[PDB]
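Asks: This structure is in structure tokens; I'll ask about it shortly.
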There are 4 protein chains.
Amino acid sequence: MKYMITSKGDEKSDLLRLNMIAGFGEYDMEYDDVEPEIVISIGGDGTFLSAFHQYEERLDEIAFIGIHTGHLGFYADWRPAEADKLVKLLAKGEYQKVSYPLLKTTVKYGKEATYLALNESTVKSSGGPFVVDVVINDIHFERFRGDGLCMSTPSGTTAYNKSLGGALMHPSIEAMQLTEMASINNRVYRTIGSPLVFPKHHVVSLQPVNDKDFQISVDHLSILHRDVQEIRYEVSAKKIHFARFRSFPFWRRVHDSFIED
Amino acid sequence: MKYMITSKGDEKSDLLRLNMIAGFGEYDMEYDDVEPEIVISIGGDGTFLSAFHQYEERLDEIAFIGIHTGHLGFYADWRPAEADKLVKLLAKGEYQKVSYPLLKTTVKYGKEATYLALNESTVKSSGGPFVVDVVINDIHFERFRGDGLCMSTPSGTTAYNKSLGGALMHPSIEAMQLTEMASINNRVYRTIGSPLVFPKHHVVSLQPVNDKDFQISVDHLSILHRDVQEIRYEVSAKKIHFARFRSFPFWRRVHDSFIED
Amino acid sequence: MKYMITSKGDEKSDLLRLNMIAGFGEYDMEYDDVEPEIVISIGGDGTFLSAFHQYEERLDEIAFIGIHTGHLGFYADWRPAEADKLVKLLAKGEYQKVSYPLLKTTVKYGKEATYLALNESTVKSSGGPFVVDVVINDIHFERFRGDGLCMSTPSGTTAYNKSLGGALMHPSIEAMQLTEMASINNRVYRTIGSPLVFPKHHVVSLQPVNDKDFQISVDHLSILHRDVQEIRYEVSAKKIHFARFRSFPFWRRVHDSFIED
Amino acid sequence: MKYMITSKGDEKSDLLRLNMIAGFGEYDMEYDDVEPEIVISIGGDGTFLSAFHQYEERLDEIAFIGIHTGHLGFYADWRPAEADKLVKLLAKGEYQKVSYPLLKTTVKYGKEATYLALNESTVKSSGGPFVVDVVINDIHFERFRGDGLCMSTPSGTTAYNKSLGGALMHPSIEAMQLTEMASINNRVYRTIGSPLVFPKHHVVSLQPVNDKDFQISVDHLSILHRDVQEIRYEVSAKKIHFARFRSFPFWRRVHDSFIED
Ligand SMILES: NCCNc1ncnc2c1ncn2[C@@H]1O[C@H](COCC#Cc2nc3c(N)ncnc3n2[C@@H]2O[C@H](CO)[C@@H](O)[C@H]2O)[C@@H](O)[C@H]1O
Ligand SMILES: NCCNc1ncnc2c1ncn2[C@@H]1O[C@H](COCC#Cc2nc3c(N)ncnc3n2[C@@H]2O[C@H](CO)[C@@H](O)[C@H]2O)[C@@H](O)[C@H]1O
Ligand SMILES: NCCNc1ncnc2c1ncn2[C@@H]1O[C@H](COCC#Cc2nc3c(N)ncnc3n2[C@@H]2O[C@H](CO)[C@@H](O)[C@H]2O)[C@@H](O)[C@H]1O
Ligand SMILES: NCCNc1ncnc2c1ncn2[C@@H]1O[C@H](COCC#Cc2nc3c(N)ncnc3n2[C@@H]2O[C@H](CO)[C@@H](O)[C@H]2O)[C@@H](O)[C@H]1O
């Protein structure tokens, strides 16, 4: 099929990219970065996140592959030594696909702007104090005040959700996880403290109380939104599709990254 | 249908039980605690847990109801003032049922003994140090050492999973959650630290390293097992069925219990 | 002696201020906000922090007083109903003084700029990733990467140190506490995780690795410092002096603020 | 002076002990385990804790030494390769001494029994639910309910206090730290959550509410006390004295044990 390859930009990733292109030149494979069918990321998870968001509008027609030229990643989880065997098996095709859930973020102004996240989306305050009303399925749940909130995808739970105390969820679970950032709790102010895991079709809505300006991040893109009326989180109907050529369990990927490898 | 009622034993729960029986006497309802179809628990979640385990072998033929004579519970979530309206609506029938997942615990000796848990099951050490090899889907994940482990159901996440830092999961998610109890982490000893959420059909196996005696709890029953070879956790194929007569969202039940009511 | 009074600015605090001035007019008390001897803060802890930093260069010649027109504060810990009894006892004098330790922050450029903090001082990253080398008494302790670090005074432990998992220290302990903000820990990256409590004369030094621009906060003043070479934390030789007219134990102040009042 | 040596019991520690005795035979050094002046522990921190409690009644006349035949310990912090240089420098004497604070535990019945702890002392429940009234300096602070409480010494903060979220305190700080074990917090039950650091002369008192039987641990000795009326914690007036022959900072000892060595 059609294919393209992104690279971290350093010398190791660029040269491995040119070697896979040359290996792809030995099959009916056409290099195309406009409407590709196979996107190969060479670098870390950050390079993979850039590859995802570069083609987020054709997710249902693309199978992603991750090659880590540095330490093992959760999305770039194949060694550079396996590039040649990767080229052939991708060349024949007939591979199976695995799908991970995505997080849809909707931001309303006083105008709507939606986003898709592979890791997570965070809300923080532009300078001053951060206070939100957290509304779950139109039911007011709590008035949060602290440094911010993080809504994570299943595969994003090992990223930044994890540093905030959140649990690690297997990516086959269609859900999203919300974690707190330095919440203040006293007799007057009250948050749940525990992380929350929401299923599909559950809508978590963040609504402002005083300041209406928020620093909103979606994966690695962070933009200050002004005059914000609402932030809506829910598990997306779209999914990201990986091409699998070997067996690499998520919990094994967790073991190698955090226990020892 | 046939029905029975358990009571916490105090005077308030016993008298409310006799008043519901008298109200049930005004319909074709037969009191039977051998093969009931409706089990009504009057008390707290502890009384409800006793009611569940009393009829754990007929779970697919029973719809449970919880009435809290004290503070609001997550299973006993209906006020005593709503007992009369409860008797009639249960009398007519035609109610809908909601189902929560359960945790199957398997304990092997050198002999097998399986259990069902509505909240969680915990493993701790009989006196000395607690060390386990944690095996996920036959893959060795970590060597845990500390005070113990807790494997929680979705509706058990607000119980004791919560005190151990675990996340709160909506009970519609067929999953189980594992939390650590005072794990020691240094250069020599390494645990994941984060809680783990496992989907259906995933098998978490605990295996001993030195001591083979463990204090194993399943909800509120705690028994010391000797000569233990393995402890297997997985989401059960059985589910507990509640009869619902009103709308009481889980997140609303979480709000009232931990934020304010 | 000479005295001045700051006010939160709202109508309740301004009018209580004019009533204490009128009550002070009935004694030999001279209102002076240039070289006062008694600084009375009317408002919350935020108003008290502004009062502290307004007179941080004459700390050894001032006894502070806090009056909370809203909820109880840890520095503004006297009810407005006790203002009249406060005016007289401050008028006679002969009060005893209590002293809390302070945190000295030193920031070096490529030039030095020192600060004093009553609550804490935090280091965060200007936009991009936050990586630091943490050096304790010239010994390299760890390479921190995450959202930031917080170095807290004893009386600042109930503030923002507390939201970050830190312990609450009695203000008689001459020490400082360091807490982490969303540290990432894997096989490759390693932080201590636990909060650290340092005694007097111990010097904690933060040193950059890549980015040399940091958002540095000292209590409520937050300023982006550019071209930063080092950030040095240590317990200050200066102390803040409170005038005490009653008995209000710190742990009682903790109980009323976080347990119930 | 007089000296004795304890050993972990394995072959490596026993033979290193006989080699130090033979090396001590080359000086005026008399082996005496009744009234020694130098206690040398060969093993881990556990062997050192046994050595401490073996001579807890002559602490002001003993300087302890720790040799780790396994991984580095916080009390056994000298390599076996440094045993010969250790024998000579201990033989000459003229060494300096460092002192760490200790925790005094007082247990009253309905009779008093006091203990000394080098790491910590914990209170847990004999089977059933664990509820305590926590009283600080005769002021009731909170009603704790959960799995237990841990009161730690400064040098015990890296032990088991650390697994419970507590902070690490430099051992020059005369203080004690209290951490919670799986506390339950809802609208009805309320604990501080944060760890508490108490100075000298502060008295933390645990008092029962229903069950009067508690599993009380002091370092590695754990005994079930029946008919308990009170448990009193406070920094002891006694201190443990180490002989120092090199420079080994506590924070360096923390770095090697938890970061990397
Ligand atoms: N207001 C607070 C400011 N703080 C932050 N602001 C914004 N983002 C943040 C913040 N603090 C962490 N992040 C995480 O960085 C990602 C940036 O994109 C690159 C990546 C990645 C990645 N993805 C995963 C994954 N899925 N699982 C496991 N490790 C993963 N990583 C690892 O993160 C490191 C690089 O970041 C490397 O070790 C990668 O191996 C964000 O998506 C977020 O997850
Ligand atoms: N080795 C460590 C020893 N420690 C422990 N050993 C054993 N069990 C423990 C331990 N520490 C907590 N527990 C929890 O007690 C349950 C006992 O059964 C009664 C109950 C309950 C209950 N269930 C829920 C729920 N589903 N959601 C939310 N609150 C719930 N509660 C509340 O718990 C309190 C009573 O316990 C009351 O406030 C109830 O409102 C166990 O199932 C376990 O969850
Ligand atoms: N990069 C992360 C961005 N996040 C933050 N950036 C900057 N500061 C922050 C941040 N998140 C919390 N803070 C804290 O706010 C203080 C601001 O000054 C006002 C105050 C106060 C105060 N002082 C105490 C005290 N000593 N003990 C107990 N409560 C106290 N408060 C209470 O804080 C609330 C107001 O803040 C009120 O409830 C007060 O009762 C800072 O000094 C810091 O402690
Ligand atoms: N109801 C709950 C049941 N749980 C527990 N019950 C009782 N004790 C417990 C429990 N869980 C941990 N402990 C700790 O074990 C100590 C036992 O004595 C041996 C030791 C030690 C030691 N001391 C230190 C130190 N000062 N600093 C840093 N590491 C240290 N260790 C390390 O602990 C490991 C051995 O334990 C080894 O890695 C040692 O390197 C107790 O004093 C307590 O600290």
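In this analysis, Cβ positions are derived from the backbone assuming ideal geometry, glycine residues included, and neighbour counts consider all displayed protein chains. Basis: the model, the stated rules and, where named, an outside source; no laboratory instrument gave them.
Asks: Looking for whichever is more than 18 Å from A:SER7 (Cα to Cα), acidic (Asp, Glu) and either away from ligand 1 (no atom under 12 Å from the Cβ) or touching a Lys or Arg at 6+ places or on another chain (Cβ under 7 Å) (or both) here; the options are A:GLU37, A:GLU94. Which one fits?
Replies: Answer to the check: A:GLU94.
Asks: While we're looking at this one, here's another question. Would you confirm whether or not region D:97-108 contains a residue that is among the β-branched types (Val, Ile, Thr) and under 24 Å from C:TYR160 (Cβ atoms)?
Replies: Scanning region D:97-108, I find no residue that is among the β-branched types (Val, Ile, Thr) and under 24 Å from C:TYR160 (Cβ atoms), so the answer is no.
Asks: Hand me the list of strands (runs of 3 or more DSSP E) wholly inside region A:134-206 holding 2 or more residues that are at the interface with another protein chain (Cβ under 9 Å from one of its Cβ atoms) and within 16 Å of ligand 2 (Cβ to nearest atom).
Replies: A:196-199
Asks: Turning to a different aspect of this structure: Of the conditions (1) farther than 22 Å from C:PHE130 by Cβ; (2) within 13 Å of ligand 3 (Cβ to nearest atom); (3) not polar (S, T, N, Q), C:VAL197 satisfies every one except a single condition; which number is it?
Replies: In the conditions (1) farther than 22 Å from C:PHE130 by Cβ; (2) within 13 Å of ligand 3 (Cβ to nearest atom); (3) not polar (S, T, N, Q), C:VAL197 misses (2) alone.
Asks: Output yes when any residue across region C:152-161 is of a type in the set (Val, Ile, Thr), in contact with a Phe, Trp or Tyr (Cβ under 6 Å, 6 or more places away or on another chain) and buried (at least 20 other Cβ atoms within 10 Å of the Cβ), and no when none is.
Replies: Within region C:152-161 (the criterion being of a type in the set (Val, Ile, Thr), in contact with a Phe, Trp or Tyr (Cβ under 6 Å, 6 or more places away or on another chain) and buried (at least 20 other Cβ atoms within 10 Å of the Cβ)), the answer is yes, since at least one residue qualifies.
Asks: For region D:235-261, which positions are under 18 Å from the mean Cα position of the chain (by Cα) and part of a strand (DSSP E or B)?
Replies: D:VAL235, D:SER236, D:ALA237, D:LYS238, D:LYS239, D:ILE240, D:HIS241, D:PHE242, D:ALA243
Asks: Hey, another quick one. May I ask you to say which residue of D:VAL218, D:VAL123, D:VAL188, D:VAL197 is more than 16 Å from ligand 4 (Cβ to nearest atom) and either touching a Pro at 6+ places or on another chain (Cβ under 9 Å) or farther than 22 Å from A:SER194 by Cβ (or both)?
Replies: The unique qualifying residue is D:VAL197.
Here's the yes/no breakdown for (1) over 20 Å from B:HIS255 (Cβ atoms); (2) within 16 Å of ligand 2 (Cβ to nearest atom):
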| site | (1), (2) |
| --- | --- |
| B:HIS71 | no, yes |
| B:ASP77 | no, yes |
| B:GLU82 | no, no |
| B:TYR95 | yes, no |
| B:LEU116 | yes, yes |
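Asks: A follow-up question, please. Looking only at residues that are surrounded by 15 or more Cβ atoms within 10 Å (Cβ to Cβ) and small (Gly, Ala, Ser) in region C:200-223, which one is nearest to ligand 3 (Cβ to nearest atom)?
Replies: So the residue we want is C:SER217.
Asks: State the number of residues belonging to region B:207-220 that are in a loop (DSSP other than H, G, I, E, B) and out of contact with any helix residue (DSSP H, G or I) (no Cβ under 8 Å at 6 or more places or on another chain).
Replies: 5
Asks: I've got another one for you. For A:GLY46, only one of the following conditions fails: (1) part of a helix (DSSP H, G or I); (2) within 14 Å of another protein chain (Cβ to nearest Cβ); (3) surrounded by 21 or more Cβ atoms within 10 Å (Cβ to Cβ). What is its number?
Replies: Condition not satisfied by A:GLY46: (3).
Asks: For C:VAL123, which of the numbered conditions (1) in the same structural domain as C:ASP211 (by CATH); (2) out of contact with any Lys or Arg (no Cβ under 7 Å at 6 or more places or on another chain); (3) more than 16 Å from ligand 1 (Cβ to nearest atom) fails to hold?
Replies: (3)
Asks: Another question, then. Condition first: within 14 Å of chain D (Cβ to nearest Cβ) and away from ligand 4 (no atom under 16 Å from the Cβ). Can you find one or more residues in region B:98-107 that meet it?
Replies: no
Asks: Further question: Surrounded by 21 or more Cβ atoms within 10 Å (Cβ to Cβ), more than 21 Å from C:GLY193 (Cβ to Cβ) and more than 10 Å from ligand 4 (Cβ to nearest atom): which single residue out of D:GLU174, D:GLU142 fits that description?
Replies: Residue meeting the stated conditions: D:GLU142.
Asks: I'd like the full set of residues that are facing another protein chain (nearest Cβ under 9 Å) and surrounded by 14 or more Cβ atoms within 10 Å (Cβ to Cβ), limited to region A:224-261.
Replies: Of everything in region A:224-261, those that are facing another protein chain (nearest Cβ under 9 Å) and surrounded by 14 or more Cβ atoms within 10 Å (Cβ to Cβ) turn out to be A:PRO249, A:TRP251, A:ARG252, A:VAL254, A:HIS255, A:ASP256, A:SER257, A:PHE258, A:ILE259.
Asks: Could I ask something else about it? Would you mind stating whether B:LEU116 is more than 12 Å from every other protein chain (Cβ to nearest Cβ), farther than 30 Å from C:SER183 by Cα, buried (at least 19 other Cβ atoms within 10 Å of the Cβ) and in contact with a strand residue (DSSP E or B) (Cβ under 9 Å, 6 or more places away or on another chain)?
Replies: Considered against the rule, which asks whether it is more than 12 Å from every other protein chain (Cβ to nearest Cβ), farther than 30 Å from C:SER183 by Cα, buried (at least 19 other Cβ atoms within 10 Å of the Cβ) and in contact with a strand residue (DSSP E or B) (Cβ under 9 Å, 6 or more places away or on another chain), B:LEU116 comes out as yes.
Residue-wise test of (1) buried (at least 22 other Cβ atoms within 10 Å of the Cβ); (2) touching a strand residue (DSSP E or B) at 6+ places or on another chain (Cβ under 9 Å); (3) farther than 19 Å from C:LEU221 by Cβ.
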residue: C:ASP14; (1), (2), (3): no, yes, yes
residue: C:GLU26; (1), (2), (3): no, no, yes
residue: C:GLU30; (1), (2), (3): no, yes, yes
residue: C:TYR55; (1), (2), (3): no, yes, no
residue: C:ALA81; (1), (2), (3): no, no, yes
residue: C:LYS104; (1), (2), (3): no, yes, no
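Asks: Moving on. Do we have any residue at all in region D:75-96 that's among the aromatic types (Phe, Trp, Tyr), under 19 Å from D:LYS239 (Cβ atoms) and touching a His at 6+ places or on another chain (Cβ under 8 Å)?
Replies: no
Asks: Of the conditions (1) touching a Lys or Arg at 6+ places or on another chain (Cβ under 7 Å); (2) more than 16 Å from ligand 2 (Cβ to nearest atom); (3) more than 11 Å from chain C (Cβ to nearest Cβ), D:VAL131 satisfies every one except a single condition; which number is it?
Replies: Going through (1) touching a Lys or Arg at 6+ places or on another chain (Cβ under 7 Å); (2) more than 16 Å from ligand 2 (Cβ to nearest atom); (3) more than 11 Å from chain C (Cβ to nearest Cβ) one by one, D:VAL131 breaks only (2).
Asks: Can you confirm whether region D:9-20 contains a residue that is touching a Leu at 6+ places or on another chain (Cβ under 9 Å), away from ligand 2 (no atom under 16 Å from the Cβ) and not in a loop (DSSP other than H, G, I, E, B)?
Replies: yes
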